[PDB]
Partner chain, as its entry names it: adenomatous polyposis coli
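This document starts with one chain, in the form deposited without its partner chain, laid out as structure tokens.
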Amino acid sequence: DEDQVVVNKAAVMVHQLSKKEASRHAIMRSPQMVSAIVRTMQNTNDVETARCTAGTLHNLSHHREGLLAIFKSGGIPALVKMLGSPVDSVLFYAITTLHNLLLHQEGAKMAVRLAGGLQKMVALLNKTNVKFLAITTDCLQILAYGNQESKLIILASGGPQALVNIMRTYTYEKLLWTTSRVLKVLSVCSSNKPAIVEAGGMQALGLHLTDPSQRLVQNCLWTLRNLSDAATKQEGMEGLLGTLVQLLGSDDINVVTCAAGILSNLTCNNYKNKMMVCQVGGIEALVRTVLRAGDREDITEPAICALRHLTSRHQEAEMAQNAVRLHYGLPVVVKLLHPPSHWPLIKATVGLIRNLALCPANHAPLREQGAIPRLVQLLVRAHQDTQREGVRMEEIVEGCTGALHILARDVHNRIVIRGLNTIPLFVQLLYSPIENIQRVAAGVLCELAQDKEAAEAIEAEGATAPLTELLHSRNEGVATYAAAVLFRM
């Protein structure tokens, strides 16, 4: 084998040779002709030489030694350079060769990044050949995974919008999956996440939640869960929400887990989403989910959180509060206050009960199921733990006190609450440094004080003094409750 200086036609044979595997290892061992093969490719304007050269580099990318040749011959910047070509044949050869290097060649990742490979691959995402896009997106996945720097470059190059458009356009499974994996990798980056959401990533990913490919569905769910928390106010979420509710019935536990977590995130302080989730039967579905989950807290916790969002501050909140009871939900909710539940689940369950108790028809069943003494034990113990990371016991204090504040609207609950000797504790909570604890403490005292016997007990406990002080609280809610107890005393 020799080297041809000017006319292209040297390349139409070395390529035509490059198939004979016996010869390849000659080509593979000449740190002068690989270099020549490369040099020509980057420099010619003979489109056939371009594809003959690139095609040759491809064929060699199939061997451990073949990669090394191209690598230490500085082929990577050349290949990246070739990603700006019009010829679809050379585009395909270059990206495939890069793909093999990215997969098997030690040190290829860094060389591609250095060469401007990220920006060029992102720019190629507006192509229309699905096989080409599948390769290109997989390269991006390999480069971005566990490399925050690459993630930020993909974002700056317009990565998010381009990938989302792909998810909205194509049906080719391998491409949808490979693209979804890039999105998943980007979805944990604090900068990429809002951009993906901004590009309509959540609605786009939602399109594929009924696809028969489980790896595609699962990747879309993982990405959605990362994106969903603290998204902006998106519209066009109707379909996504309805599908998530359906997925709760799935036999796959990871589908059920993700669907619950996304619903929890999407309903948090979004009354439109709460309405829509309730309207497609979200309450019944979440209750059933909690029942089936048993003690798997990675399911119950977000499902309960979702239920808590769905039972407050939207048009059909009252209906949701009844609906939890009507679908046999009350006993299991109370049960989740007990071991083996961990703190995050207990905190969420207390908040749900607080909401359920806003519905008078839940007052008796919550009492009968034993919610009150368990809430009181949780409160007593949590207060002591404060008086001496994860979940803070102050949040359990405030939560339990708040649930009891609402339950105390019922005359029989007030009797049970008082009978558990809670008044001294409630009065002591008036001295809390936390305004929100002062408020619910003063609030529950206010409910109890409507019964003369309790009012005297509250007075006897020395409540006049801290209450009188709370009259001057910069927190108006605290001051207003404090005045009402003082009155009734």
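Basically, rigid core = biggest C-alpha set you can superpose within 1.5 Å across the two forms. Positions refer to the first chain, counted from 1.
Keep in mind that the form deposited with its partner chain bound is not shown, yet the notes after this line are about it.
Looking at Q234, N413, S341, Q105, which is the one with a non-hydrogen atom within 4.5 Å of its partner chain in the deposited complex?
After the contact test, the surviving option is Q105.
Evaluate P86 for contact with its partner chain in the deposited complex, applying a 4.5 angstroms cut-off between non-hydrogen atoms, and reply yes or no.
It does not: once its partner chain is placed as it appears in the deposited complex, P86 has no heavy atom within 4.5 Å of it.
Residue contact check: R374 to its partner chain in the deposited complex, 4.5 Å heavy atom:
No, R374 sits far enough from its partner chain in the deposited complex that none of its heavy atoms falls within 4.5 Å.
Taking heavy atoms only, is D138 within 4.5 angstroms of its partner chain in the deposited complex?
Flag for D138 set to yes.
Going by a heavy atom distance of 4.5 Å, is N322 a contact of its partner chain in the deposited complex?
No, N322 is distant from the partner.
Partner contacts for 92-119, taking its partner chain in the deposited complex and a 4.5 Å heavy atom cut-off:
The stretch touches the partner through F92, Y93, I95, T96, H99, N100, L102, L103, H104, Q105, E106, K109.
Spell out whether the Cα of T232 moves at least 2 Å between this form and the one not shown when the two forms are superposed on their rigid core.
Superposed on the core, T232 moves its C-alpha 2 Å or more between this form and the one not shown.
Could you tell me whether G351 and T232 have their C-alpha atoms closer or farther apart in the deposited complex than in the shown form, knowing the shift is 3 angstroms or more?
Residues converge in the deposited complex, at least 3 Å closer.
With a change of at least 3 Å, which way does the C-alpha separation between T232 and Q279 go in the deposited complex: closer or farther?
Between the C-alphas of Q279 and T232, the gap narrows in the deposited complex (3 Å or more compared with this form).
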